[PDB]
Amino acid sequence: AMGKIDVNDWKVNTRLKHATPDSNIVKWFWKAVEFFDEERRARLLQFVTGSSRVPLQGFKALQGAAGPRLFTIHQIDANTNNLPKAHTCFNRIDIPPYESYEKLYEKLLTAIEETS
């Protein structure tokens, strides 16, 4: 059992809400994950879902409080000073349309590092 989060399994089993794979905040999100070390990836997974461990069958079997809830990146119409929002009971992260990769990167890092 490898101690690394399978990011391809994560990406392929992520649904997008009000965004496409071509949306900036999605591309910037995954670039940030690619440059996150293992600690920050786990801190991000627990920030959004409530735990840092993936089910045995991967992200396709991700469960929420009330049943199957795939990991969901949701681009929201919010003020860009907002840090990312997480709803751990259904594994969703709400991200404002940040103006740059740098801003999303710092906001996201602040969210997962200054929580719990």
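A residue's number is simply how far along the shown sequence it sits, counting from 1.
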TODO: Would you tell me which stretch averages the higher CA B-factor in the PDB entry, 10 to 18 or 99 to 107?
DONE: 10 to 18
TODO: Pick between 88 to 96 and 20 to 28: the one whose mean CA B-factor in the entry is higher.
DONE: 20 to 28
Task: Candidate set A66, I73, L70, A42 [ranked by C-alpha B-factor, highest] - done: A66
TODO: Pick out which of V54, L83, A78, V33 has the highest C-alpha B-factor in the PDB entry.
DONE: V54
